[PDB]
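Peer 1: The following file, structure.pdb, comprises PDB, C-alpha atoms:
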```
MODEL        1
ATOM      1  CA  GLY A   1     -26.782  -4.812  -3.107  1.00  0.00           C
ATOM      2  CA  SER A   2     -27.052  -8.346  -1.746  1.00  0.00           C
ATOM      3  CA  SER A   3     -24.589  -8.820   1.115  1.00  0.00           C
ATOM      4  CA  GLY A   4     -23.284 -12.148   2.377  1.00  0.00           C
ATOM      5  CA  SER A   5     -20.838 -13.713   4.823  1.00  0.00           C
ATOM      6  CA  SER A   6     -20.425 -17.333   3.731  1.00  0.00           C
ATOM      7  CA  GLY A   7     -16.705 -17.512   4.439  1.00  0.00           C
ATOM      8  CA  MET A   8     -14.414 -15.669   2.035  1.00  0.00           C
ATOM      9  CA  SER A   9     -11.362 -13.469   2.597  1.00  0.00           C
ATOM     10  CA  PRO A  10     -11.955 -10.016   1.145  1.00  0.00           C
ATOM     11  CA  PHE A  11      -9.048  -8.305  -0.613  1.00  0.00           C
ATOM     12  CA  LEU A  12      -8.139  -4.649  -1.148  1.00  0.00           C
ATOM     13  CA  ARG A  13      -7.298  -3.019  -4.479  1.00  0.00           C
ATOM     14  CA  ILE A  14      -5.112   0.058  -4.015  1.00  0.00           C
ATOM     15  CA  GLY A  15      -4.124   2.163  -7.009  1.00  0.00           C
ATOM     16  CA  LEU A  16      -1.391   4.793  -7.175  1.00  0.00           C
ATOM     17  CA  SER A  17      -1.330   7.523  -9.824  1.00  0.00           C
ATOM     18  CA  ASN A  18      -0.337  11.145 -10.430  1.00  0.00           C
ATOM     19  CA  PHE A  19       2.934  10.825  -8.514  1.00  0.00           C
ATOM     20  CA  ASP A  20       4.623  14.190  -7.973  1.00  0.00           C
ATOM     21  CA  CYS A  21       8.282  14.318  -6.945  1.00  0.00           C
ATOM     22  CA  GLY A  22       8.524  18.100  -7.078  1.00  0.00           C
ATOM     23  CA  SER A  23       9.981  18.877 -10.496  1.00  0.00           C
ATOM     24  CA  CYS A  24      13.101  21.052 -10.440  1.00  0.00           C
ATOM     25  CA  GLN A  25      14.580  20.895 -13.940  1.00  0.00           C
ATOM     26  CA  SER A  26      12.698  20.663 -17.238  1.00  0.00           C
ATOM     27  CA  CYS A  27      15.575  20.577 -19.725  1.00  0.00           C
ATOM     28  CA  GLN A  28      16.060  16.895 -20.545  1.00  0.00           C
ATOM     29  CA  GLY A  29      14.380  13.852 -22.060  1.00  0.00           C
ATOM     30  CA  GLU A  30      15.447  10.598 -20.422  1.00  0.00           C
ATOM     31  CA  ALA A  31      13.757   7.649 -18.716  1.00  0.00           C
ATOM     32  CA  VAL A  32      15.063   6.859 -15.231  1.00  0.00           C
ATOM     33  CA  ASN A  33      12.559   4.010 -14.951  1.00  0.00           C
ATOM     34  CA  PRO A  34      12.003   4.486 -11.229  1.00  0.00           C
ATOM     35  CA  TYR A  35      10.129   1.909  -9.154  1.00  0.00           C
ATOM     36  CA  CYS A  36       8.389   2.007  -5.774  1.00  0.00           C
ATOM     37  CA  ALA A  37       8.901  -0.710  -3.161  1.00  0.00           C
ATOM     38  CA  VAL A  38       5.808  -2.000  -1.364  1.00  0.00           C
ATOM     39  CA  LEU A  39       6.906  -3.689   1.863  1.00  0.00           C
ATOM     40  CA  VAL A  40       4.331  -5.875   3.609  1.00  0.00           C
ATOM     41  CA  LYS A  41       4.683  -6.735   7.297  1.00  0.00           C
ATOM     42  CA  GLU A  42       2.585  -8.709   9.782  1.00  0.00           C
ATOM     43  CA  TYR A  43       1.176  -8.082  13.259  1.00  0.00           C
ATOM     44  CA  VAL A  44       2.874 -10.124  15.982  1.00  0.00           C
ATOM     45  CA  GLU A  45       3.758  -9.671  19.653  1.00  0.00           C
ATOM     46  CA  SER A  46       6.437 -11.473  21.664  1.00  0.00           C
ATOM     47  CA  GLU A  47       7.448 -11.660  25.326  1.00  0.00           C
ATOM     48  CA  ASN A  48       9.259  -8.369  24.722  1.00  0.00           C
ATOM     49  CA  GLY A  49       6.165  -6.617  23.407  1.00  0.00           C
ATOM     50  CA  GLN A  50       4.901  -5.666  19.956  1.00  0.00           C
ATOM     51  CA  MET A  51       6.889  -6.274  16.771  1.00  0.00           C
ATOM     52  CA  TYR A  52       6.468  -6.487  12.996  1.00  0.00           C
ATOM     53  CA  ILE A  53       8.102  -9.085  10.751  1.00  0.00           C
ATOM     54  CA  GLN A  54       8.234  -8.822   6.960  1.00  0.00           C
ATOM     55  CA  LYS A  55       6.885 -12.234   5.954  1.00  0.00           C
ATOM     56  CA  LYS A  56       6.121 -11.183   2.378  1.00  0.00           C
ATOM     57  CA  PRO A  57       9.040 -10.062   0.233  1.00  0.00           C
ATOM     58  CA  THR A  58       9.269  -6.679  -1.490  1.00  0.00           C
ATOM     59  CA  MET A  59       6.491  -5.967  -3.989  1.00  0.00           C
ATOM     60  CA  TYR A  60       6.651  -4.109  -7.304  1.00  0.00           C
ATOM     61  CA  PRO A  61       3.235  -2.861  -8.380  1.00  0.00           C
ATOM     62  CA  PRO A  62       2.728  -1.346 -11.819  1.00  0.00           C
ATOM     63  CA  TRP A  63       2.672   2.380 -12.575  1.00  0.00           C
ATOM     64  CA  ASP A  64      -0.569   4.362 -12.741  1.00  0.00           C
ATOM     65  CA  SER A  65      -2.326   1.016 -12.307  1.00  0.00           C
ATOM     66  CA  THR A  66      -4.217  -0.875  -9.602  1.00  0.00           C
ATOM     67  CA  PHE A  67      -2.822  -3.876  -7.727  1.00  0.00           C
ATOM     68  CA  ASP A  68      -4.404  -6.549  -5.534  1.00  0.00           C
ATOM     69  CA  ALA A  69      -3.584  -6.862  -1.833  1.00  0.00           C
ATOM     70  CA  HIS A  70      -4.108  -9.704   0.641  1.00  0.00           C
ATOM     71  CA  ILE A  71      -5.981  -9.016   3.879  1.00  0.00           C
ATOM     72  CA  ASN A  72      -5.399 -10.960   7.096  1.00  0.00           C
ATOM     73  CA  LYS A  73      -5.215  -8.951  10.322  1.00  0.00           C
ATOM     74  CA  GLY A  74      -3.426  -5.811  11.471  1.00  0.00           C
ATOM     75  CA  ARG A  75      -1.620  -5.881   8.132  1.00  0.00           C
ATOM     76  CA  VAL A  76       0.402  -2.817   7.135  1.00  0.00           C
ATOM     77  CA  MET A  77       1.904  -1.452   3.918  1.00  0.00           C
ATOM     78  CA  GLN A  78       5.008   0.671   3.343  1.00  0.00           C
ATOM     79  CA  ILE A  79       5.478   2.708   0.167  1.00  0.00           C
ATOM     80  CA  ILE A  80       9.060   3.804  -0.487  1.00  0.00           C
ATOM     81  CA  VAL A  81       9.946   5.640  -3.697  1.00  0.00           C
ATOM     82  CA  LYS A  82      13.266   4.422  -5.098  1.00  0.00           C
ATOM     83  CA  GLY A  83      15.282   5.191  -8.216  1.00  0.00           C
ATOM     84  CA  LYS A  84      18.816   5.742  -9.486  1.00  0.00           C
ATOM     85  CA  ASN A  85      21.690   7.752  -8.011  1.00  0.00           C
ATOM     86  CA  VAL A  86      19.627   7.903  -4.819  1.00  0.00           C
ATOM     87  CA  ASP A  87      19.456   6.053  -1.500  1.00  0.00           C
ATOM     88  CA  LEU A  88      15.995   7.192  -0.408  1.00  0.00           C
ATOM     89  CA  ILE A  89      13.542   9.674  -1.921  1.00  0.00           C
ATOM     90  CA  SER A  90      10.755   9.468   0.658  1.00  0.00           C
ATOM     91  CA  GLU A  91       8.526   7.179   2.722  1.00  0.00           C
ATOM     92  CA  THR A  92       5.002   6.884   4.122  1.00  0.00           C
ATOM     93  CA  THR A  93       3.016   4.688   6.509  1.00  0.00           C
ATOM     94  CA  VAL A  94      -0.171   2.901   5.453  1.00  0.00           C
ATOM     95  CA  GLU A  95      -2.531   0.324   6.954  1.00  0.00           C
ATOM     96  CA  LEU A  96      -3.750  -2.705   5.003  1.00  0.00           C
ATOM     97  CA  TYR A  97      -6.305  -3.814   7.591  1.00  0.00           C
ATOM     98  CA  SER A  98      -7.745  -0.475   8.709  1.00  0.00           C
ATOM     99  CA  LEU A  99      -7.850   0.709   5.096  1.00  0.00           C
ATOM    100  CA  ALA A 100     -10.246  -2.119   4.243  1.00  0.00           C
ATOM    101  CA  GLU A 101     -12.577  -0.566   6.819  1.00  0.00           C
ATOM    102  CA  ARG A 102     -12.234   3.042   5.665  1.00  0.00           C
ATOM    103  CA  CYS A 103     -13.304   2.016   2.162  1.00  0.00           C
ATOM    104  CA  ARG A 104     -16.563   0.515   3.421  1.00  0.00           C
ATOM    105  CA  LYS A 105     -17.272   3.779   5.240  1.00  0.00           C
ATOM    106  CA  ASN A 106     -17.476   5.346   1.779  1.00  0.00           C
ATOM    107  CA  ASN A 107     -20.155   2.866   0.710  1.00  0.00           C
ATOM    108  CA  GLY A 108     -17.446   1.127  -1.293  1.00  0.00           C
ATOM    109  CA  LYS A 109     -14.103   2.853  -1.800  1.00  0.00           C
ATOM    110  CA  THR A 110     -12.480   5.780   0.008  1.00  0.00           C
ATOM    111  CA  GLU A 111     -10.129   8.427  -1.380  1.00  0.00           C
ATOM    112  CA  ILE A 112      -7.012   9.155   0.671  1.00  0.00           C
ATOM    113  CA  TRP A 113      -4.055  11.424  -0.087  1.00  0.00           C
ATOM    114  CA  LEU A 114      -0.750   9.973   1.115  1.00  0.00           C
ATOM    115  CA  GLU A 115       1.893  12.387   2.403  1.00  0.00           C
ATOM    116  CA  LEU A 116       5.414  11.233   1.543  1.00  0.00           C
ATOM    117  CA  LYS A 117       8.181  12.850   3.592  1.00  0.00           C
ATOM    118  CA  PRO A 118      10.411  14.734   3.692  1.00  0.00           C
ATOM    119  CA  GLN A 119       9.072  15.441   0.204  1.00  0.00           C
ATOM    120  CA  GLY A 120       6.691  13.863  -2.289  1.00  0.00           C
ATOM    121  CA  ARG A 121       2.974  13.110  -2.457  1.00  0.00           C
ATOM    122  CA  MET A 122       0.513  10.885  -4.319  1.00  0.00           C
ATOM    123  CA  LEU A 123      -3.115   9.740  -4.387  1.00  0.00           C
ATOM    124  CA  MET A 124      -4.126   6.417  -2.839  1.00  0.00           C
ATOM    125  CA  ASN A 125      -7.450   4.997  -4.028  1.00  0.00           C
ATOM    126  CA  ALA A 126      -8.365   1.829  -2.134  1.00  0.00           C
ATOM    127  CA  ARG A 127     -11.368  -0.176  -3.330  1.00  0.00           C
ATOM    128  CA  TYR A 128     -13.324  -2.911  -1.552  1.00  0.00           C
ATOM    129  CA  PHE A 129     -13.663  -6.398  -3.031  1.00  0.00           C
ATOM    130  CA  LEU A 130     -14.653  -9.938  -2.051  1.00  0.00           C
ATOM    131  CA  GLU A 131     -12.949 -13.247  -2.839  1.00  0.00           C
ATOM    132  CA  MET A 132     -14.496 -16.641  -3.578  1.00  0.00           C
ATOM    133  CA  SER A 133     -11.893 -18.966  -2.064  1.00  0.00           C
ATOM    134  CA  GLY A 134      -8.717 -18.248  -0.120  1.00  0.00           C
ATOM    135  CA  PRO A 135      -6.415 -19.654   2.536  1.00  0.00           C
ATOM    136  CA  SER A 136      -7.314 -19.721   6.231  1.00  0.00           C
ATOM    137  CA  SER A 137      -5.027 -18.842   9.140  1.00  0.00           C
ATOM    138  CA  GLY A 138      -5.123 -21.659  11.676  1.00  0.00           C
TER     139      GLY A 138
ENDMDL
END
```
Please render this file's structure as structure tokens.
Peer 2:
Amino acid sequence: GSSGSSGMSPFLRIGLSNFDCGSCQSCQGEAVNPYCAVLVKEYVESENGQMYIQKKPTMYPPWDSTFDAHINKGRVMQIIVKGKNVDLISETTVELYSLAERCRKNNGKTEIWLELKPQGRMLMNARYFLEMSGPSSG
């Protein structure tokens, strides 16, 4: 209702749920305990051109839950599904900066369906939020 731009860094709250890895066999009852890796890079350009360095280490968000994300500028997010007896299940590209904008377009939060390749798919619900006090890039 009441907007305001005093000087706070807004953060994004993305939540992943209903992950489908294309079931093939339904004759077993074990827990692989898989986990997705959320890589966070930064936007930077050198004399060579444009590049992306992973300042933040690998992240491990919960399952079927929502996690908080830091917003700076041209930030990106990489979701890679990992597990056991496997080297790579799938991957997908996502924007941390642009996403923050898409949400607003939906008068709050926007619903996007990620497309993991070569196989796999999930729902990405990013919500808009505002902080009270955060760091400042000088």
Peer 1: How would you write, as a PDB file with C-alpha atoms, in the coordinates of the input, the residues chosen by the PyMOL selection byres ((chain A and resi 75) around 9) on this structure?
Peer 2:
```pdb
ATOM      1  CA  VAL A  40       4.331  -5.875   3.609  1.00  0.00           C
ATOM      2  CA  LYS A  41       4.683  -6.735   7.297  1.00  0.00           C
ATOM      3  CA  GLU A  42       2.585  -8.709   9.782  1.00  0.00           C
ATOM      4  CA  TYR A  43       1.176  -8.082  13.259  1.00  0.00           C
ATOM      5  CA  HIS A  70      -4.108  -9.704   0.641  1.00  0.00           C
ATOM      6  CA  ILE A  71      -5.981  -9.016   3.879  1.00  0.00           C
ATOM      7  CA  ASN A  72      -5.399 -10.960   7.096  1.00  0.00           C
ATOM      8  CA  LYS A  73      -5.215  -8.951  10.322  1.00  0.00           C
ATOM      9  CA  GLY A  74      -3.426  -5.811  11.471  1.00  0.00           C
ATOM     10  CA  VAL A  76       0.402  -2.817   7.135  1.00  0.00           C
ATOM     11  CA  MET A  77       1.904  -1.452   3.918  1.00  0.00           C
ATOM     12  CA  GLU A  95      -2.531   0.324   6.954  1.00  0.00           C
ATOM     13  CA  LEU A  96      -3.750  -2.705   5.003  1.00  0.00           C
ATOM     14  CA  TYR A  97      -6.305  -3.814   7.591  1.00  0.00           C
ATOM     15  CA  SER A  98      -7.745  -0.475   8.709  1.00  0.00           C
TER      16      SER A  98
END
```
Peer 1: Could you check which of A:35, A:127, A:59, A:51 is closest to residue 107 in chain A, using all atoms listed in the file?
Peer 2: A:127
Peer 1: Just say which residues the PyMOL selection byres ((chain A and resi 8) around 10) picks in this file, as an MDAnalysis selection string.
Peer 2: chainID A and resid 4:7 9:11 130:136
Peer 1: Can you work out the spacing between CA of residue 23 in chain A and CA of residue 61 in chain A in Å, to one decimal?
Peer 2: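 Calculated distance between CA of residue 23 in chain A and CA of residue 61 in chain A is 22.9 Å.
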Peer 1: Please, what distance in Å, to one decimal, runs between CA of residue 122 in chain A and CA of residue 19 in chain A?
Peer 2: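 These atoms are spaced 4.8 Å apart.
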Peer 1: Can you tell me how far CA of residue 54 in chain A sits from CA of residue 110 in chain A, in Å to one decimal?
Peer 2: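 Spanning CA of residue 54 in chain A to CA of residue 110 in chain A is a straight-line distance of 26.3 Å.
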Peer 1: Need the shell around residue 16 in chain A: protein/DNA/RNA residues with any atom at most 6 Å away, counting all atoms listed in the file. Skip same-chain ones fewer than 5 positions apart. Format as a short mmCIF file (atom, residue, chain, number, x, y, z; two decimals) with C-alpha atoms, in the frame of the given file?
Peer 2:
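Once everything was written out, this is around32.cif:
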```cif
data_model
loop_
_atom_site.label_atom_id
_atom_site.label_comp_id
_atom_site.auth_asym_id
_atom_site.auth_seq_id
_atom_site.Cartn_x
_atom_site.Cartn_y
_atom_site.Cartn_z
CA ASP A 64 -0.57 4.36 -12.74
CA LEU A 123 -3.12 9.74 -4.39
CA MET A 124 -4.13 6.42 -2.84
#
```
Peer 1: I'd like the neighbourhood of residue 115 in chain A as JSON, numbers by chain, where a residue qualifies if any of its atoms comes within 12 Å (using only C-alpha atoms), though same-chain residues fewer than 6 positions away should be ignored.
Peer 2: {"A": [19, 20, 21, 79, 80, 90, 91, 92, 93, 94, 121, 122, 123, 124]}
Peer 1: Calculate, to one decimal in Å, the centre and edge lengths of the box along x, y and z of the file that holds all listed atoms of range 96-102 of chain A with 5 Å of margin on each side, and present them as lines of an AutoDock Vina configuration file.
Peer 2:
```
center_x = -8.2
center_y = -0.4
center_z = 6.5
size_x = 18.8
size_y = 16.9
size_z = 14.5
```
Peer 1: Between A:112, A:86, A:45, A:65, which one has atoms that come closest to residue 99 in chain A, using all atoms listed in the file?
Peer 2: A:112
Peer 1: So which one's closest to residue 126 in chain A, A:3, A:106, A:89, A:48? Using all atoms listed in the file, please.
Peer 2: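 Closest candidate: A:106.
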Peer 1: Go through A:22, A:30, A:82, A:62 and flag the residue nearest residue 120 in chain A, using all atoms listed in the file for the distances.
Peer 2: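 Checking each candidate against residue 120 in chain A, we get A:22 as the closest.
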Peer 1: Using all atoms listed in the file, pick whichever of A:88, A:31, A:81, A:69 has the shortest atom-to-atom distance to residue 56 in chain A.
Peer 2: A:69
Peer 1: Only N, CA, C and O atoms, please: range 13-41 of chain A from the block, as a tab-separated table (two decimals), in the first residue's frame.
Peer 2:
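Result went into part-v6.tsv, see below:
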```tsv
chain	number	residue	atom	x	y	z
A	13	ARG	N	12.69	-13.81	-2.54
A	13	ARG	CA	12.41	-15.07	-1.86
A	13	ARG	C	11.87	-16.11	-2.84
A	13	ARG	O	10.67	-16.20	-3.07
A	14	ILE	N	12.78	-16.90	-3.42
A	14	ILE	CA	12.39	-17.93	-4.38
A	14	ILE	C	12.12	-19.25	-3.68
A	14	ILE	O	12.84	-19.64	-2.76
A	15	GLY	N	11.07	-19.94	-4.11
A	15	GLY	CA	10.71	-21.22	-3.52
A	15	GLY	C	10.51	-22.30	-4.55
A	15	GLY	O	9.72	-22.14	-5.49
A	16	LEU	N	11.21	-23.42	-4.39
A	16	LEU	CA	11.10	-24.54	-5.31
A	16	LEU	C	10.28	-25.67	-4.70
A	16	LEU	O	10.47	-26.03	-3.54
A	17	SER	N	9.38	-26.24	-5.50
A	17	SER	CA	8.53	-27.33	-5.03
A	17	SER	C	7.97	-28.12	-6.21
A	17	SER	O	7.98	-27.65	-7.35
A	18	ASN	N	7.49	-29.33	-5.93
A	18	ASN	CA	6.92	-30.19	-6.97
A	18	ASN	C	7.96	-30.50	-8.04
A	18	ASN	O	7.71	-30.32	-9.23
A	19	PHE	N	9.13	-30.97	-7.61
A	19	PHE	CA	10.21	-31.30	-8.53
A	19	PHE	C	9.97	-32.67	-9.17
A	19	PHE	O	9.82	-33.67	-8.48
A	20	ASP	N	9.92	-32.68	-10.50
A	20	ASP	CA	9.70	-33.92	-11.24
A	20	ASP	C	10.94	-34.31	-12.03
A	20	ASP	O	11.41	-33.55	-12.88
A	21	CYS	N	11.46	-35.50	-11.75
A	21	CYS	CA	12.65	-35.99	-12.44
A	21	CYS	C	12.30	-37.12	-13.40
A	21	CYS	O	13.14	-37.95	-13.74
A	22	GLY	N	11.05	-37.14	-13.85
A	22	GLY	CA	10.60	-38.17	-14.77
A	22	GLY	C	10.77	-39.56	-14.20
A	22	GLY	O	11.75	-40.24	-14.49
A	23	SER	N	9.81	-39.99	-13.39
A	23	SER	CA	9.85	-41.31	-12.78
A	23	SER	C	9.93	-42.40	-13.84
A	23	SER	O	9.31	-42.30	-14.90
A	24	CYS	N	10.70	-43.45	-13.56
A	24	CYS	CA	10.87	-44.56	-14.49
A	24	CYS	C	10.49	-45.88	-13.83
A	24	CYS	O	9.83	-46.72	-14.44
A	25	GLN	N	10.93	-46.06	-12.59
A	25	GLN	CA	10.64	-47.28	-11.85
A	25	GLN	C	9.93	-46.97	-10.53
A	25	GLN	O	10.32	-46.05	-9.81
A	26	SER	N	8.89	-47.74	-10.23
A	26	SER	CA	8.13	-47.54	-9.00
A	26	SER	C	8.06	-48.83	-8.20
A	26	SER	O	6.99	-49.21	-7.71
A	27	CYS	N	9.20	-49.50	-8.06
A	27	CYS	CA	9.26	-50.75	-7.31
A	27	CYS	C	10.41	-50.72	-6.30
A	27	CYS	O	11.31	-51.56	-6.35
A	28	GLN	N	10.37	-49.75	-5.39
A	28	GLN	CA	11.41	-49.61	-4.38
A	28	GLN	C	11.02	-48.55	-3.35
A	28	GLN	O	10.19	-47.69	-3.62
A	29	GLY	N	11.64	-48.62	-2.18
A	29	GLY	CA	11.35	-47.66	-1.13
A	29	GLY	C	12.60	-47.23	-0.38
A	29	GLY	O	12.83	-47.65	0.75
A	30	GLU	N	13.40	-46.38	-1.02
A	30	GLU	CA	14.63	-45.89	-0.41
A	30	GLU	C	14.71	-44.37	-0.49
A	30	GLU	O	13.98	-43.74	-1.24
A	31	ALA	N	15.61	-43.79	0.30
A	31	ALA	CA	15.79	-42.34	0.32
A	31	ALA	C	17.18	-41.96	-0.15
A	31	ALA	O	18.16	-42.09	0.58
A	32	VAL	N	17.27	-41.47	-1.39
A	32	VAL	CA	18.55	-41.06	-1.96
A	32	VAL	C	19.06	-39.79	-1.30
A	32	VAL	O	20.27	-39.54	-1.26
A	33	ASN	N	18.14	-38.98	-0.79
A	33	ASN	CA	18.50	-37.73	-0.13
A	33	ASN	C	19.23	-36.80	-1.10
A	33	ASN	O	20.30	-36.27	-0.81
A	34	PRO	N	18.63	-36.59	-2.28
A	34	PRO	CA	19.29	-35.69	-3.23
A	34	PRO	C	19.27	-34.24	-2.78
A	34	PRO	O	18.48	-33.86	-1.92
A	35	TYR	N	20.16	-33.43	-3.36
A	35	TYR	CA	20.24	-32.02	-3.01
A	35	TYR	C	20.64	-31.18	-4.22
A	35	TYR	O	21.52	-31.57	-5.00
A	36	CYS	N	19.99	-30.04	-4.38
A	36	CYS	CA	20.27	-29.15	-5.50
A	36	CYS	C	21.31	-28.10	-5.12
A	36	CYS	O	21.32	-27.61	-3.99
A	37	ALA	N	22.18	-27.76	-6.06
A	37	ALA	CA	23.22	-26.77	-5.82
A	37	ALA	C	22.87	-25.43	-6.45
A	37	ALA	O	22.67	-25.34	-7.66
A	38	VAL	N	22.79	-24.40	-5.62
A	38	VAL	CA	22.45	-23.06	-6.09
A	38	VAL	C	23.70	-22.18	-6.18
A	38	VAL	O	24.11	-21.58	-5.19
A	39	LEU	N	24.28	-22.11	-7.37
A	39	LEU	CA	25.48	-21.31	-7.58
A	39	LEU	C	25.12	-19.85	-7.83
A	39	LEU	O	24.22	-19.54	-8.61
A	40	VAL	N	25.82	-18.95	-7.15
A	40	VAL	CA	25.58	-17.52	-7.29
A	40	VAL	C	26.81	-16.80	-7.82
A	40	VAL	O	27.87	-16.81	-7.19
A	41	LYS	N	26.67	-16.17	-8.99
A	41	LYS	CA	27.77	-15.44	-9.60
A	41	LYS	C	27.53	-13.93	-9.55
A	41	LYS	O	26.50	-13.48	-9.06
```
